[PDB]
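In the structure tokens that follow, the same protein chain appears in two forms, which are kept apart as structure 1 and structure 2.
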Structure 1
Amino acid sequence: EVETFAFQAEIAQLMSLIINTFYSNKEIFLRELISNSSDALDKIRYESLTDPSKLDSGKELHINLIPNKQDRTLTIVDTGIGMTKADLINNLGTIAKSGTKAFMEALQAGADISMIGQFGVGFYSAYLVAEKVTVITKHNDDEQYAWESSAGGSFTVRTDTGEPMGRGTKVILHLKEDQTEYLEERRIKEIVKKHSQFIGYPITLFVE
């Protein structure tokens, strides 16, 4: 069933900085996740060009943003490439060890925290708003996995069967108490218009 792993010391530190550095432009987290979703979708398009069969698991290439005010979660879903157990475990397929280092080198020399994603580690910006992140994923070459973390130094991976998802990645953000603004329809619309306005894939904003 559940496996628990430690974050590489460096990522544990990056996460820590995000959680513990005072920085109020928290909204950028949405841009960064949306920007991973876009890339993930880029990858599935790229392979499909040579191999139509890769989109047997779904033809549509899009992003859903799903607020749920009851559970207090913001879910970002794509039908992009997904991650294998191994990518999941390895820093969710980022070059996070090298990218973290640079980011901090770059932080000492005039970079703010919103530059995070220029270092390939935008994912962790989730922790600006989220107390706990669950990432469900399905890659064509593997089964469905759930990854989970509330920082603290550890993450867990387990396989996942409650609802198959064909192909893609579902980043579930359980918001901190004081961050429920990110569940308001007008706040999400404003953010998407302001930071992810022009992007290669449709974004549906679910209503409640």
Structure 2
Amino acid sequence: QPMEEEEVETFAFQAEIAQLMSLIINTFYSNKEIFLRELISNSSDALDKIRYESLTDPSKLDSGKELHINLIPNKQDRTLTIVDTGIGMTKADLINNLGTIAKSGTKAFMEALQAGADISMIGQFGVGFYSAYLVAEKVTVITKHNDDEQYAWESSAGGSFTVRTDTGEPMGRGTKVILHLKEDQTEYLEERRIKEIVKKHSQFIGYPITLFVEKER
């Protein structure tokens, strides 16, 4: 059949974000497990936004009433996926919030980290997303907001990310963060380890969380 075409938009990370990513990637931190707490917290926040929005306008849940979080480890692909049915992101929200716009806490957080702060402090500085890079060599974010189409963001750091219209599995609404794990971080695909960390750091959450455990492949 003829050659297909797809548009891709490649963006440069804001300089301090790029520096933070570099620091996260290329420096040893213990306690890397907090990446999961941070992504769950972001899903919980996203779920809060759609829940409150929907109080006033219940048609915001036409894209699905269930408000929850699924964790999906895949040993074959070496990916841990965190899926929520939260508000999601429009394409503008995605490009804005995940890389191009300076974030208030980047500078202060890098100074803290160097000065010896535990990486666990990252969430307090509003840049918790980037803790993904403690364990993942590449992150893909799939997102669908009621007001826009489904988009895929991805980055392996190196100072750039891409956004394109997602040609993968449509979602009704929410965000899916796919962590392509580093070879030495595969413990985060083990159900016992995931359960240990969720229990330890994510007892707060306010929505149902479900771990899907693979039994065939």
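Every residue number counts along structure 1's sequence, beginning with 1. Only the largest set of C-alpha atoms that superpose within 1.5 Å between the two forms is called the rigid core. Residues that one form lacks are left out of the comparison.
Once you line up the core between the two structures, the CA of 96 is the only one from 129, 136, 96, 133 that shifts by 2 Å or more.
A displacement of 2 angstroms or greater separates the C-alpha positions of residue 105 between the two structures, with the rigid core held in common.
Taking the core as reference, the C-alpha deviation of residue 87 between the two structures is 1.0 Å. Listed in sequence order, the shifted runs between the two structures are 91-97, 104-112, counting only residues present in both forms whose C-alphas move 2 Å or more over at least three consecutive positions once the core is aligned.
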